[PDB]
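Data block for input.tsv (TSV, C-alpha atoms (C1' of nucleotides) and all ligand atoms):
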```
chain	number	residue	atom	x	y	z
A	71	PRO	CA	90.03	93.99	89.11
A	72	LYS	CA	92.32	96.62	90.66
A	73	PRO	CA	95.94	95.73	91.46
A	74	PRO	CA	96.89	95.76	95.17
A	75	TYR	CA	99.48	98.55	94.82
A	76	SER	CA	98.85	101.93	96.44
A	77	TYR	CA	99.09	105.14	94.45
A	78	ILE	CA	102.28	105.92	96.39
A	79	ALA	CA	103.59	102.60	95.08
A	80	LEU	CA	102.36	103.30	91.53
A	81	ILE	CA	104.09	106.68	91.50
A	82	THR	CA	107.24	105.28	93.08
A	83	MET	CA	107.42	102.43	90.56
A	84	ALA	CA	107.14	104.96	87.73
A	85	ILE	CA	109.92	107.16	89.13
A	86	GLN	CA	112.22	104.22	89.83
A	87	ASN	CA	111.59	102.92	86.31
A	88	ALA	CA	112.76	106.02	84.46
A	89	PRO	CA	116.39	105.79	83.28
A	90	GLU	CA	117.02	109.27	84.71
A	91	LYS	CA	114.84	108.70	87.82
A	92	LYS	CA	112.76	111.72	86.76
A	93	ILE	CA	109.34	111.46	85.14
A	94	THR	CA	106.65	113.68	83.70
A	95	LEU	CA	103.25	113.67	85.35
A	96	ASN	CA	101.75	112.20	82.19
A	97	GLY	CA	104.74	109.89	82.05
A	98	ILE	CA	103.30	108.55	85.31
A	99	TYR	CA	99.92	108.14	83.59
A	100	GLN	CA	101.35	106.26	80.60
A	101	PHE	CA	103.46	104.05	82.90
A	102	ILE	CA	100.47	102.94	84.96
A	103	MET	CA	98.07	102.13	82.12
A	104	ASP	CA	100.82	100.33	80.20
A	105	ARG	CA	101.60	98.17	83.25
A	106	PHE	CA	98.10	97.85	84.77
A	107	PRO	CA	95.27	97.74	82.19
A	108	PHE	CA	92.73	98.37	84.96
A	109	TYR	CA	93.54	102.08	84.76
A	110	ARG	CA	92.52	102.64	81.14
A	111	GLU	CA	88.98	103.09	82.50
A	112	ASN	CA	87.54	106.28	84.02
A	113	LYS	CA	90.83	108.14	83.98
A	114	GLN	CA	89.40	111.24	85.66
A	115	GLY	CA	88.99	109.41	88.97
A	116	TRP	CA	92.36	107.78	89.50
A	117	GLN	CA	94.45	110.34	87.63
A	118	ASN	CA	93.25	112.95	90.11
A	119	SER	CA	94.51	110.75	92.95
A	120	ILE	CA	97.92	110.63	91.25
A	121	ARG	CA	98.06	114.43	91.16
A	122	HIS	CA	96.78	114.56	94.73
A	123	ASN	CA	99.44	112.18	96.06
A	124	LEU	CA	102.35	113.99	94.42
A	125	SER	CA	101.57	117.23	96.24
A	126	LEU	CA	100.51	115.71	99.58
A	127	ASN	CA	103.44	113.47	100.43
A	128	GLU	CA	106.76	115.20	101.04
A	129	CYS	CA	108.37	112.07	99.55
A	130	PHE	CA	107.51	113.10	95.97
A	131	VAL	CA	109.34	116.40	95.34
A	132	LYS	CA	108.81	118.33	92.12
A	133	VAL	CA	112.02	119.53	90.46
A	134	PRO	CA	111.99	122.09	87.63
A	135	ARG	CA	112.62	121.08	84.05
A	136	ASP	CA	116.36	121.18	83.31
A	137	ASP	CA	115.21	123.42	80.48
A	138	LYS	CA	112.19	123.51	78.21
A	139	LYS	CA	111.63	120.69	75.68
A	143	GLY	CA	104.81	120.18	83.15
A	144	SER	CA	107.74	119.60	85.51
A	145	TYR	CA	109.61	116.44	86.44
A	146	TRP	CA	108.69	114.38	89.51
A	147	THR	CA	111.41	112.79	91.66
A	148	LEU	CA	111.70	110.88	94.93
A	149	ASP	CA	113.03	112.52	98.07
A	150	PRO	CA	116.16	110.45	98.85
A	151	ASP	CA	114.74	109.56	102.28
A	152	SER	CA	111.79	107.76	100.68
A	153	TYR	CA	113.58	106.11	97.75
A	154	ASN	CA	113.31	102.77	99.58
A	155	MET	CA	109.94	103.14	101.29
A	156	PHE	CA	109.39	99.56	100.17
A	157	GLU	CA	112.25	97.23	101.12
A	158	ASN	CA	111.95	94.16	98.89
A	159	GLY	CA	110.72	95.65	95.63
A	160	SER	CA	107.44	93.79	96.12
A	161	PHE	CA	105.73	97.18	96.63
A	162	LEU	CA	103.17	95.52	98.90
A	163	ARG	CA	104.12	96.98	102.27
A	164	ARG	CA	106.31	99.82	103.51
A	165	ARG	CA	109.10	98.94	105.90
A	166	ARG	CA	109.25	100.95	109.11
A	167	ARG	CA	111.83	103.18	110.80
A	168	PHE	CA	112.40	106.13	113.21
B	1	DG	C1'	98.06	107.32	110.58
B	2	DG	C1'	97.94	106.00	106.15
B	3	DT	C1'	95.20	105.28	102.79
B	4	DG	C1'	91.24	106.21	98.92
B	5	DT	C1'	87.85	109.31	96.73
B	6	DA	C1'	85.78	113.49	95.68
B	7	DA	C1'	85.78	118.41	95.02
B	8	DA	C1'	87.26	123.51	94.91
B	9	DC	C1'	90.65	126.36	93.66
B	10	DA	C1'	94.65	128.47	91.32
B	11	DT	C1'	97.98	128.72	87.58
B	12	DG	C1'	99.87	127.48	83.24
B	13	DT	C1'	99.94	125.72	78.14
B	14	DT	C1'	96.83	124.45	73.79
B	15	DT	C1'	92.70	125.02	70.54
C	1	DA	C1'	87.52	129.89	76.23
C	2	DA	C1'	88.58	123.90	76.74
C	3	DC	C1'	92.54	121.88	78.72
C	4	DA	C1'	96.53	120.12	81.74
C	5	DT	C1'	98.91	120.71	85.94
C	6	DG	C1'	99.34	121.40	90.87
C	7	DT	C1'	97.54	122.77	95.70
C	8	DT	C1'	94.61	122.28	99.30
C	9	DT	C1'	90.44	120.90	102.22
C	10	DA	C1'	86.99	117.43	103.66
C	11	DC	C1'	84.92	112.78	104.68
C	12	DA	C1'	84.49	107.42	104.77
C	13	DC	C1'	87.54	103.22	105.40
C	14	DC	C1'	91.01	100.13	107.55
A	201	MG	MG	104.70	116.42	97.41
```

Reformat the file's structure so that it appears as structure tokens.
Ligand SMILES: [Mg+2]
Amino acid sequence: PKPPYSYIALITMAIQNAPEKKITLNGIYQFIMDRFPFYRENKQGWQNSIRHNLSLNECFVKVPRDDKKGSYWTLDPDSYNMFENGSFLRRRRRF
DNA sequence: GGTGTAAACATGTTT
DNA sequence: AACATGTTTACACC
């Protein structure tokens, strides 16, 4: 079965996991399948949602590659702690 | 209101 | 001329 984490959670967990807090798009792919074996099936479906979420939400901001050798994906510092307890189940509220 | 899924579309890198 | 990477629009679900 599918894990209960949203794609926003999946992408956030990947970014927070990188030692430099920056991650390749495909680094996000490898992170998810390594952690959640559900996603080794029918990649074309869910990997498109990953791409789609990165551009939609203003919380995932794309930063250019420091230099060559795609581009890195970061978290906007406002949404670094969307999830409060590190359970990644629900997002805590504000405003 | 924020999700999930599908699709069209537009650049960029790799056979 | 196959791919990967982003951007955006559209609809059902909760
Ligand atoms: Mg974005």

Requested in this report: Enumerate residues in contact with ligand MG 201 (chain A): an atom-to-atom distance of at most 7 Å, counting all atoms listed in the file. Format the result as a list in words.
Outcome: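 My answer, listing the contacting residues, is residues 123, 124, 125, 126, 127, 128, 129, 130, 131 and 132 of chain A.
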
Could you list the residues in chain A lying within 9 Å of chain B, using only C-alpha atoms (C1' of nucleotides), and format the result as a PDB file with C-alpha atoms, keeping the file's coordinate frame?
```pdb
ATOM      1  CA  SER A  76      98.850 101.930  96.440  1.00  0.00           C
ATOM      2  CA  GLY A 115      88.990 109.410  88.970  1.00  0.00           C
ATOM      3  CA  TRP A 116      92.360 107.780  89.500  1.00  0.00           C
ATOM      4  CA  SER A 119      94.510 110.750  92.950  1.00  0.00           C
ATOM      5  CA  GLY A 143     104.810 120.180  83.150  1.00  0.00           C
TER       6      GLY A 143
END
```

inquiry  = Please report the interatomic distance between atom CA of residue 134 of chain A and atom CA of residue 154 of chain A in Å with one decimal.
reply    =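 About the pair atom CA of residue 134 of chain A and atom CA of residue 154 of chain A: they are 22.8 Å apart.
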
For residue 5 of chain C, the closest of A:121, A:110, A:166, A:91 counting only C-alpha atoms (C1' of nucleotides) is A:121

What separates atom CA of residue 100 of chain A and atom CA of residue 133 of chain A is a distance of 19.7 Å

Which chain C residues have any atom within 10 Å of an atom of chain A, and for each, what is the nearest pair of atoms with distance in Å to one decimal, counting all atoms listed in the file, rows sorted by chain and number, as JSON lines?
```
{"residue": "C:4", "atom": "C1'", "partner": "A:143", "partner_atom": "CA", "distance": 8.4}
{"residue": "C:5", "atom": "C1'", "partner": "A:143", "partner_atom": "CA", "distance": 6.5}
{"residue": "C:6", "atom": "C1'", "partner": "A:121", "partner_atom": "CA", "distance": 7.1}
{"residue": "C:7", "atom": "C1'", "partner": "A:125", "partner_atom": "CA", "distance": 6.9}
{"residue": "C:8", "atom": "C1'", "partner": "A:126", "partner_atom": "CA", "distance": 8.8}
```
